[PDB]
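Quick setup: one chain, the form deposited without this ligand, written in structure tokens, and binding and motion questions come after.
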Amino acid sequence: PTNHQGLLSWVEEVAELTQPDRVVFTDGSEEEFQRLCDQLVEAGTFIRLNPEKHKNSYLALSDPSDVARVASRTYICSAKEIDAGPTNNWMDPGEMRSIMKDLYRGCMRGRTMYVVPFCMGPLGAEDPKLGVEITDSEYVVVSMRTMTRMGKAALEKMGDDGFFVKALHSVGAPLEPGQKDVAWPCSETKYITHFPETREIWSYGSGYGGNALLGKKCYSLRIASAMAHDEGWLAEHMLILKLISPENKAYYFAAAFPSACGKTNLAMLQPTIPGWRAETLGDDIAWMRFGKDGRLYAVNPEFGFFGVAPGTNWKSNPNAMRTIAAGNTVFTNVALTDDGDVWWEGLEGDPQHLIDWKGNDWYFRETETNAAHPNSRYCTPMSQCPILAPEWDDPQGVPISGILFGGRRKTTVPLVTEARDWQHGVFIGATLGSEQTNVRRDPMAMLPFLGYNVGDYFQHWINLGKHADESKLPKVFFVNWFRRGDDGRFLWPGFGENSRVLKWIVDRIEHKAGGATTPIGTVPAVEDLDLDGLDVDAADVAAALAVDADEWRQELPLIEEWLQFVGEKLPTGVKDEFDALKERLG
């Protein structure tokens, strides 16, 4: 019962409303972490995994109704609907508060209310962005300890009157005295609400992932994008990659991809060409701000990895596997092996029997249901990653040389393209297309995560570049690892071989590589790429890099219909780039 009167007043007001059995301020210590884990094992929420294979690690199985972030229940409650905009779900904030305050009344009966102080980004910073999550979920507390810098240090940073993001959460499952709880409490009624003006997050009904770990997307992207809008910086859905060349020079890249585009594989790249090395500072969120020298510097505001498990394996991402191998991990909805290890679809091992994510027996080449839930997760400290860059915890961040945007496209979009200038780069991000069941637009990979109007967000990107030293700005590139030939072959082998594309990108930044001037930007010819040691058909690489005018003419009305959907706040500068592309295509 410490504080910081503003924090204490808020906690008292919330507890008065939700009526928990007791209030606990968390300190982030190892002692606390093990105590909370013991209680989770006792509740059945966790089982302890075999410590010989994952030290200090646990498996949680969720209610099948609560297995993912729920976009349709996620809201931006700005004072005016336009400031939420077409990529957001809006409700009048007074109306929303009436609904949610009703839901929160008595919602924590029979439960401990945890008050969880945390810092987004390195503690060493001057004004770090601070938050406090109030939650009635012990699972949330433990995962927040991994995903953020949680506890004592953060609370100290708040001082006696420091600003912090108020983040309120309940699973919405009050208990009567002596009532037996379930392993994974939740509600059929869910809201994940953001109040951008006041920098507040209110979540109810889910204990899962981005709905409940309020640093993960709610703070990192939604609230932070609104802060960045007002304060002159960028909060983005980007991995941060450090690439080191044979001359032993480091280059930092920030890269945004939508889901199902192999983003984690790239973040933990093992280059396949001699003399090139890669290290990571993060694989999800990047916060970028101009430094004194006029360059853009990136910091990872998170402290852990929260990755989709299925598809992660030794043969495609051994670095992720090695990070997980060091333990201290909470797994959610993966399968349990006979020796207390874990498994998920895509992983090596061919286990003959498993217990699946619903607690049922599963048998190899027999059971027709997935052993792990398709959205199952590992939650693991970043500090364990064997290719973690030494700069990972530097509050000054790292200077960004290139910003990459990527998506999955069978046709049309070449393997790599460089923007003509910053404004063109913004257009390339703003019109990022990726395959859906045909092409979904996911601008900067932020479609579900913007804290304000998408058009205003594009204008913000435009403004930051206009007012910057142009020579200091990151160069912008678009990458498509997934282009296919008419017969369905993959034109580019991908994975570690993506290091060859990254080498072209570095060389372009240094003016040491050429390329063709095409209507869509600068695109290398096959001979501009290092394919030495790579058994690939040059004709396939040529096809991967082709820019076909007829294909791009068909792309135009898709882009135009997206730009119309962006609505009244679409920047003139984005429309300018559309018009210029159309003119160049002829």
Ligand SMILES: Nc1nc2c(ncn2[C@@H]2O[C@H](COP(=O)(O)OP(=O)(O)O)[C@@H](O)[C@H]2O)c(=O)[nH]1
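Think of the rigid core as the biggest set of C-alphas that the two forms share within 1.5 Å after superposition. Only residues modelled in both forms are compared. Numbering starts at 1 and runs along the sequence shown.
Keep in mind that the form solved in complex with this ligand is not shown, yet the notes after this line are about it.
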For this session: Please classify the binding site as open or blocked after superposing this ligand from its position in the deposited complex; blocked means at least 3 ligand atoms come within 2.4 Å of backbone or C-beta atoms of this form.
Result: blocked
Exercise. Of the listed stretches (464-472, 227-235, 482-490, 110-118), which one has a non-hydrogen atom within 4.5 Å of this ligand in the deposited complex?
Worked result: 482-490
Exercise. Of 162, 494, 291, 514, which one comes within 4.5 Å of this ligand in the deposited complex, counting heavy atoms only?
Worked result: 494
For this session: Just give me the single entry in 78, 265, 499, 401 that has a non-hydrogen atom within 4.5 angstroms of this ligand in the deposited complex.
Result: 265
For this session: Give a yes or no for residue 260: in the deposited complex, does one of its heavy atoms lie within 4.5 Å of a heavy atom belonging to this ligand?
Result: yes
Problem set entry | 4.5 Å heavy atom contact, residue 408 to this ligand in the deposited complex | yes
Exercise. Superposing on the core, what residue ranges of at least 3 consecutive positions move by 2 angstroms or more in Cα between the shown form and the other one?
Worked result: 1-3
